[PDB]
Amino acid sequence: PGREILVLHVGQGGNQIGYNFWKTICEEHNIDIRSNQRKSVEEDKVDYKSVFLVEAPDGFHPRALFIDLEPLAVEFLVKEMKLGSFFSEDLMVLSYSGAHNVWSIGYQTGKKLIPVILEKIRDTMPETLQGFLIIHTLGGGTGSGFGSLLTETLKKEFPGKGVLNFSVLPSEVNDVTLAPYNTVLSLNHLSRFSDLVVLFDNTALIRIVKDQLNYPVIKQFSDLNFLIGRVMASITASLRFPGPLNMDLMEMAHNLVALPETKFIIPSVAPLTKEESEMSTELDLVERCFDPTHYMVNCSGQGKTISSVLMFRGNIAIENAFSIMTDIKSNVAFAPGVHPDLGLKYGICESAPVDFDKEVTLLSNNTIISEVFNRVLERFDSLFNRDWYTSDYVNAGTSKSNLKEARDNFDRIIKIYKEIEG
């Protein structure tokens, strides 16, 4: 017993992403998400289901909480996807009134539900829990504010356990005009209390789906969020299936976080289709992961990699994984202080993702984060310098001084990344 993880889904986006994540986890473990049972004994594989799944005498359940300040996103999701016996009511923490896209309302209002959330965690979490994953968007009010509150709360209440965030940044044109405030307040909070923040944005996700999967249309967020679920599943695969070289959450964080502030990570995965997994080399897949076309954050270029984690899944030639390392270091730009022999952390798992031959997942700590964050800062300043949209932050406990304090700390993080870039 040990290595267990609890996943908290917060707000509309965080819970919708949760559907794709848990669908992927059940499929990888050959669990029927509708019956809660193994699909069969014969195809039960040697694995460690307890990382994300609770086995009870009646069947399997997600080690998850489904948290929102309004009920519709979760209720509609559970009905449409027929999740009623897996996303069960005892795992939901729902209110009625919404955060109205204001971080401060999400933070304040969420405080009222913290006792129930802690009781549920303390009621069912094994003592050996290794950590928490918080799934949320940063541009709305509940994912951002309540997610921030939860990051702070768990790090304070459970010292010694990992707190990792999977966080969706605003799109290149924001689809919430308040998103700069909500994103700066969230990234400030996560810089204080998270151990590692894995970032995504919808501009990059849409580009990948349209250009790598060539979907003719995206009608529901499930046809975008599957990419976030894929990253979450694959970087934990070596906790759940056999393989030559396994790694846990804080093992990956320790290899990535060069300075305490540099905890903001860009993920990528290759290939995106089964057909490509059958006609690709380890070299080709790693090169795709390091290419901006595959980054799940919208970036202007390759940037400079400070540190990276690569998970090789499936039918992997270990000699190829090792021999390409000099080629990665020669062909990918790394930050000036990175020694030629350093900057790579490998995990190798024998389990391929559903029906693929092999797959590589990259977590990159990259100086280009400074460009992504600077753009957020420029959006923030365009509102804040005019005093636009501040009233309902002020009315919910975030003074104008507090907004500025969060902005200035955010800027200090940007400058650390820019300094490392050289």
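Note that residue numbering follows the sequence shown and begins at 1. By rigid core we mean the largest C-alpha set that fits within 1.5 Å across both forms.
Per-stretch RMS Cα distance to the displayed form in 8 other deposited structures of this protein, following rigid core alignment, is highest for 273 to 281 when 134 to 142 and 273 to 281 are compared. Averaged as a root mean square over residues and superposed structures in 8 other deposited structures of this protein, CA distances to the shown form are larger in 42 to 50; the pair compared was 27 to 35 and 42 to 50 with a core fit. Higher mean CA temperature factor between 168 to 176 and 194 to 202: 168 to 176, per the PDB entry.
Averaged over their C-alpha atoms, the temperature factors of 39 to 47 and 52 to 60 are higher for 39 to 47. Set against one another, the Cα B-factors of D248, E152, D123, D341 in the record reach their highest point at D123. The residue among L213, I265, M252, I235 whose C-alpha carries the highest B-factor in the deposited model is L213. Split the chain's modelled residues into thirds by C-alpha temperature factor. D381 is in the lowest one.
Ranked against the other modelled residues of its chain, the C-alpha B-factor of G243 as given in the entry falls in the highest third. Per the deposited record, the Cα B-factor of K358 falls in the middle third when ranked against the other modelled residues of its chain. Per-chain ranking of the deposited C-alpha B factor places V93 in the middle third. Ranked within its chain, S148 lands in the lowest third, by CA B factor from the PDB record.
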